[PDB]
Every structure is written in C-alpha cells, then in structure tokens.
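Presented below is the structure to which this report refers.
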Ligand SMILES: CC/C(=C/C=C/C(O)(CC)CC)c1cccc(OCc2ccc(CO)c(CO)c2)c1
Ligand SMILES: CC/C(=C/C=C/C(O)(CC)CC)c1cccc(OCc2ccc(CO)c(CO)c2)c1
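Residue numbers (the entry's author numbering), protein chains in the order written: chain A, 154 to 190, 251 to 452; chain A', 154 to 190, 251 to 452; chain B, 686 to 695; chain B', 686 to 695. A prime marks a further copy of an entry chain.
Laid out in structure tokens, this is it:
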C-alpha cells in the first residue's frame with residue numbers, strides 16, 4: 154500500500170521540526186559552563262540538559278495535535294517524558310565505537326565516567342549505554358527516529374495527564390504513520406516496529422532510575438545550586 | 154594613641170578572610186558561561262554575581278560576631294547587603310582609566326554597556342560608575358576596604374533583621390576599629406572616615422535602584438531562567 | 686507554578 | 686525557605 158496526505162504531512166512536520174531543534178555540530182556547547190574531568254561535570258551537563266529541554270519544547274510545540282492540548286497536559290507530558298526524549302535524541306551523537314557521545318573534541322566527547330561526575334552511578338549509566346547501543350543498531354531512518362520521539366512524548370500514561378484520552382488518540386495516529394512507514398518505506402522492518410515500541414519500555418526503566426538518582430541530587434543544595442532554573446522546574450515536582 | 158589586641162585581631166581576621174575569598178587574577182571566570190557582546254551578557258554576569266555571593270558568604274562567616282547571630286539574621290543581612298558588598302569588592306578591579314572593571318583580556322574587561330546587556334539601564338549604571346570612581350579615589354588601605362565591607366554587612370537597618378540590637382552592636386565595634394585605624398595608621402585620613410560612611414549611604418541608593426531593575430528582570434521567565442539558583446534565592450523575596 | 690515552562694510553551 | 690543559603694552558611 155502507501156501513505157496518505159495527512160500521514161505524509163505529519164512526517165514532514167516532525168522531520169522539519171527535528172532539524173529546526175537539533176544541530177549535528179553542537180555549536181552551542183561552547184556557551185555552556187566548561188566541562189571538568251566531587252561532581253566536576255555537573256555544571257556542564259546541567260547546561261547540556263537545560264539546553265536540550267528547550268529544544269524538546271521547541272520540537273514538541275511542532276508535533277501535530279500537541280498545541281491543542283491544554284497547558285497542563287503539554288506540561289505534564291514534557292515534565293515526565295523530557296529525560297526520555299533527551300536520551301533518544303542523544304543517540305544521534307552516540308558512537309558504538311568509543312561507546313560515548315561524541316559532540317566535540319576531547320572536550321565534548323562524553324564517556325560513562327564523565328556522567329558519574331554529574332552524580333549518576335552505573336546502576337543507571339550501564340543500562341543507558343546498553344539502550345544507546347541497542348538503539349543505534351536499529352539504524353532507524355530520520356523519519357522513524359523523529360516519529361519515535363513524537364510517540365514517546367504522547368504517552369497518555371504519564372503522571373499528571375488529565376485529558377489522557379485525546380493524548381492517547383494522538384499517539385495512536387502517530388504509531389500508524391510509523392507502522393505504515395516501516396512497512397512501506399523501510400526494507401527489512403518486519404520486526405522493527407516491535408523493537409521500537411520495546412525501546413519505549415526500556416526508557417521507562419531508565420526514566421525511572423534517573424528520577425531516583427536525580428531526586429537524591431536535588432535534595433542536596435550544594436548540588437542543586439549547580440543546576441539551572443529550567444532543569445529544576447522540569448524535573449522538580451510541582452502540581 | 155594606638156589599637157588594642159581585640160581591635161587588631163579583628164583586623165587580622167577580616168583581612169585574612171578577604172584574601173581567602175578574593176582572587177586578583179580572577180582565574181575562576183573561565184568556568185563562567187562565556188560573555189557575549251537581547252541581554253547577551255546575562256548568562257556571564259549571572260555567574261559572576263552568583264560566584265561573588267558565595268565569596269561574600271565565605272567572607273561573612275569570618276567576620277567577628279556574625280557566626281553567633283541566628284541563622285535568620287545571617288540570612289537577612291546577606292540577602293539585603295549582598296548586592297552592595299559585591300559593588301564594594303568589585304571596585305578592586307575597577308579602573309579610573311578605562312572606567313571599567315578589568316578582570317581579564319578584552320573578554321573579561323566589563324564596560325557600562327556590557328552591563329546594559331544584562332538588563333540594567335544608565336539610571337543605575339551611571340551612579341554606579343560615579344560611586345566606583347568616588348571610591349577608587351579614596352585609595353583606601355586593605356584594612357579600611359575590608360572593614361568597610363564588614364561594616365556594610367552589619368547594618369542593623371536591613372529589612373528582615375530581628376535581633377537588630379546585637380547586629381547594631383557588632384557594627385559599632387567595627388566602626389571603631391576603622392575610626393581608630395584611620396586616625397592612627399592612615400596619614401591624611403582626617404576627613405576619610407566620614408567619606409567612607411558616606412559611601413555606605415550611596416550604596417543604599419544603588420542597592421535600591423538595582424532592586425527595582427532586578428525585580429523587573431526576575432518577573433520575566435525568559436530572563437530569570439538565565440539566572441542561577443543562588444542568585445534567585447538571595448535576590449528573591451522569601452520570608 | 687511552572688513560570689518558565691508556561692512561557693516557553695509560548 | 687533558603688535551602689542553599691542555609692547550607693552555605695555551613
Ligand atoms: C540520564 C541522561 C543524562 C542526565 C543527567 C543530567 C542531570 O540528571 C544531572 C545529574 C540533569 C541536569 C545524562 C546521562 C548520559 C548522557 C547525557 O547526555 C547525552 C548528550 C545530551 C543531549 C544531546 C542532545 O539533546 C546530545 C547530543 O546528541 C548529547 C546526559
Ligand atoms: C549592580 C551590580 C551588578 C549586578 C548585575 C547582575 C544581576 O543583577 C542581573 C541583571 C544579578 C545576576 C553588575 C553591575 C556592574 C558591575 C558588575 O560586576 C563587577 C564584577 C563583579 C564582582 C567582582 C568580585 O565579586 C569583580 C572583580 O572585582 C567584578 C555587576
């Protein structure tokens with residue numbers, strides 16, 4: 154068969170928005186508080262994560278159907294899927310070779326240890342890399358990666374969503390464009406769609422673990438003072 | 154006459170603490186979010262001011278009598294004198310030549326315009342420089358500059374101080390060490406002490422104006438998100 | 686509350 | 686509140 158207009162249009166919007174909010178050169182990383190290899254890497258990663266959040270918001274506002282949801286649902290979805298969308302979009306810079314996120318020279322090429330200096334442990338960093346690898350190997354098309362994020366951000370099963378019915382609907386309309394795309398445009402994606410949906414489940418475990426480690430961190434004022442106002446707002450819990 | 158032991162000891166504590174919290178090389182400025190000449254200078258100055266606050270706290274904890282005050286008074290004094298202590302200690306890098314704070318190369322040598330890119334106007338920046346100049350000309354001794362800050366931080370007339378009686382007392386004991394020092398150790402300080410006390414009054418006008426401009430700034434989330442958790446805490450109003 | 690977020694969601 | 690400040694005032 155083949156994709157329809159509304160379906161293909163959703164793809165053009167999503168793919169154009171991802172391009173509008175992601176730079177494969179990472180030219181804005183020089184404006185971050187420099188990295189340092251006592252949580253020496255905290256300042257830089259807080260800025261990296263604060264920066265990403267803004268980019269995910271710019272991307273989210275362009276997902277078809279998001280703008281319509283109420284301000285509270287837009288916020289509920291972002292606040293609970295942010296960390297996961299960041300992990301997904303961060304894969305673009307991950308390298309199965311060095312097993313690290315290569316965003317720049319020795320300076321911006323982050324290893325697992327570098328994130329340990331941010332306050333995280335292997336209990337999170339280990340599965341994270343495993344997920345990063347398992348995902349990289351799926352050599353997704355730009356249209357499948359972009360759809361996967363849009364789908365991850367439209368989970369009606371997020372702590373805080375009230376109109377969990379329309380959010381549920383928008384996500385099904387997207388899982389369709391994806392399933393139809395893998396089946397029509399992706400040679401060899403017979404098992405793909407399922408593996409992609411599975412990656413979404415691994416993100417819950419990751420999103421969960423991070424939440425615990427971050428809660429610990431944020432409780433210590435000497436460390437929370439290193440974070441940015443945005444990070445503190447998205448990851449903090451406020452009705 | 155001459156100074157006493159307790160008096161001279163206060164001077165040694167104050168002078169040693171200022172040295173312990175101020176670096177005439179500004180080596181930590183590279184760890185700030187880089188400057189940019251839409252409030253392009255905001256990120257860098259927020260980090261410069263956040264950094265200073267920590268230094269003023271380290272200095273304040275070493276002022277004789279401060280540690281004894283209650284946690285609320287220590288906080289009340291800091292929260293309302295912070296901006297003023299920063300303006301005072303910032304004079305050390307001010308230069309009557311270029312009329313700017315020279316902390317580094319063309320990068321860290323701040324002009325009046327650079328602070329305008331932080332969200333401030335001449336209505337504040339103008340008197341600030343006038344104060345910076347008027348103060349620089351007083352060629353104060355390191356012991357008079359350090360005492361002046363300790364005195365400025367022990368004003369019992371701050372919005373929030375409850376034990377405004379002991380704070381009043383500690384400030385008088387310091388104005389003494391200063392008056393006795395100018396009179397015994399500073400050749401030509403016949404009018405000095407008065408000019409110094411006057412600089413404290415100019416700081417109220419400055420501290421006041423800044424407070425208005427900053428309140429405006431902090432009310433706009435697009436700008437407050439550029440500030441640091443510490444800055445937002447010291448300059449925000451919370452009982 | 687969520688000042689910043691509300692603002693960024695333009 | 687003043688988490689940070691309380692903490693910094695050690
Ligand atoms: C769990 C994820 C994580 C959060 C930790 C920080 C805090 O939790 C504080 C401890 C919150 C301030 C951390 C762990 C591993 C990698 C990582 O960064 C990948 C990097 C990020 C984003 C992008 C694009 O958005 C790229 C380029 O593609 C690279 C970040
Ligand atoms: C009013 C003062 C001011 C506050 C503005 C920032 C905000 O209000 C946001 C707008 C708060 C984040 C600004 C104006 C003029 C000069 C200035 O910096 C002098 C510099 C500072 C400190 C030191 C040492 O502590 C040195 C080296 O001696 C140099 C800062």
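C-beta: ideal position from N, C-alpha, C; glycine also.
Along the chain, where does the beta strand (DSSP E) that runs through residue i open and close?
{"i": "residue 263(A)", "result": "Where residue 263(A) is concerned, there is no enclosing beta strand (DSSP E), although the alpha helix (DSSP H) it sits in stretches over 255-273."}
{"i": "residue 313(A)", "result": "313-315"}
Anything in chain A' within Cβ reach of residue i, meaning under 9 Å, just list it in chain order.
{"i": "residue 692(B)", "result": "433, 434, 435, 438"}
{"i": "residue 183(A)", "result": "187"}
{"i": "residue 445(A)", "result": "442"}
Have a look at the options and flag the residue whose alpha-carbon is nearest the alpha-carbon of residue i.
{"i": "residue 156(A')", "options": "407(A'), 297(A'), 381(A'), 399(A')", "result": "399(A')"}
{"i": "residue 438(A)", "options": "404(A'), 254(A'), 266(A'), 351(A')", "result": "266(A')"}
{"i": "residue 254(A')", "options": "177(A'), 328(A'), 262(A'), 180(A')", "result": "328(A')"}
{"i": "residue 190(A)", "options": "416(A), 307(A), 326(A)", "result": "326(A)"}
{"i": "residue 373(A)", "options": "320(A), 268(A), 177(A), 294(A)", "result": "294(A)"}
{"i": "residue 165(A')", "options": "360(A'), 310(A'), 419(A'), 284(A')", "result": "360(A')"}
{"i": "residue 162(A')", "options": "404(A'), 431(A'), 386(A')", "result": "386(A')"}
{"i": "residue 276(A)", "options": "289(A), 362(A), 354(A), 184(A)", "result": "362(A)"}
{"i": "residue 341(A')", "options": "380(A'), 172(A'), 170(A'), 304(A')", "result": "304(A')"}
{"i": "residue 321(A')", "options": "188(A'), 331(A'), 291(A'), 348(A')", "result": "188(A')"}
{"i": "residue 297(A')", "options": "415(A'), 425(A'), 432(A')", "result": "415(A')"}
{"i": "residue 302(A')", "options": "433(A'), 158(A'), 412(A')", "result": "412(A')"}
{"i": "residue 259(A)", "options": "381(A), 330(A), 337(A)", "result": "330(A)"}
{"i": "residue 291(A')", "options": "384(A'), 179(A'), 273(A'), 171(A')", "result": "273(A')"}
{"i": "residue 241(A')", "options": "316(A'), 419(A'), 409(A')", "result": "Within the gap of chain A', which runs from 190 to 251, lies residue 241(A'), and it has no coordinates in the structure."}
{"i": "residue 160(A)", "options": "353(A), 392(A), 420(A)", "result": "392(A)"}
{"i": "residue 261(A')", "options": "390(A'), 314(A'), 420(A'), 424(A')", "result": "314(A')"}
{"i": "residue 263(A')", "options": "366(A'), 349(A'), 299(A'), 280(A')", "result": "299(A')"}
Drop a sphere of 10 angstroms on the beta-carbon of residue i, count the other beta-carbons inside from all chains shown, and report buried for 16 or more, exposed for fewer.
{"i": "residue 154(A)", "result": "exposed"}
{"i": "residue 441(A')", "result": "buried"}
{"i": "residue 286(A)", "result": "buried"}
{"i": "residue 428(A')", "result": "exposed"}
{"i": "residue 269(A')", "result": "buried"}
{"i": "residue 318(A')", "result": "exposed"}
{"i": "residue 312(A')", "result": "exposed"}
{"i": "residue 186(A')", "result": "buried"}
{"i": "residue 368(A)", "result": "buried"}
{"i": "residue 226(A')", "result": "Here chain A' is numbered 190 followed immediately by 251, so the structure offers no position for residue 226(A')."}
{"i": "residue 344(A')", "result": "buried"}
{"i": "residue 383(A)", "result": "buried"}
{"i": "residue 452(A')", "result": "exposed"}
{"i": "residue 402(A')", "result": "buried"}
{"i": "residue 353(A)", "result": "buried"}
{"i": "residue 288(A)", "result": "buried"}
{"i": "residue 172(A)", "result": "exposed"}
{"i": "residue 170(A)", "result": "buried"}
Can you tell me where the alpha helix (DSSP H) with residue i in it begins and where it stops?
{"i": "residue 329(A')", "result": "325-329"}
{"i": "residue 304(A)", "result": "Neither: residue 304(A) is in no alpha helix (DSSP H) and is coded neither H nor E."}
{"i": "residue 432(A')", "result": "405-432"}
{"i": "residue 277(A)", "result": "Taken as a continuous stretch (DSSP letters only), residue 277(A) belongs to no alpha helix (DSSP H), as it is neither H nor E."}
{"i": "residue 448(A')", "result": "442-448"}
{"i": "residue 171(A)", "result": "158-173"}
{"i": "residue 386(A)", "result": "379-398"}
{"i": "residue 352(A')", "result": "Neither: residue 352(A') is in no alpha helix (DSSP H) and is coded neither H nor E."}
{"i": "residue 692(B)", "result": "688-693"}
Just to make sure I have the definition right: I need the residues of chain B' whose C-beta is within less than 7 Å of the C-beta of residue i. Which are they?
{"i": "residue 442(A')", "result": "689"}
Residues of chain A' with a CB under 8 Å from the CB of residue i: which are they?
{"i": "residue 255(A)", "result": "Here the premise fails: no neighbours, minimum Cβ distance about 12 Å."}
For residue i, which residues in chain B fall below 8 Å Cβ to Cβ?
{"i": "residue 451(A)", "result": "686, 687"}
Which residues in chain B' sit within 9 Å of residue i, going by Cβ to Cβ distance?
{"i": "residue 267(A')", "result": "693"}
Can you list, in chain order, the residues of the stretch 269-285 of chain A whose Cβ is nearer than 7 Å to any Cβ on chain B?
270, 274, 284
According to a CB-to-CB cut-off of less than 9 Å, which residues of the stretch 370-385 of chain A neighbour chain B?
none
Contacting positions in the stretch 283-306 of chain A - beta carbon closer than 8 Å to chain B:
Contact annotation: in the stretch 283-306 of chain A, residues whose CB is within less than 8 Å of a CB in chain B are 284, 287, 288, 291, 292.
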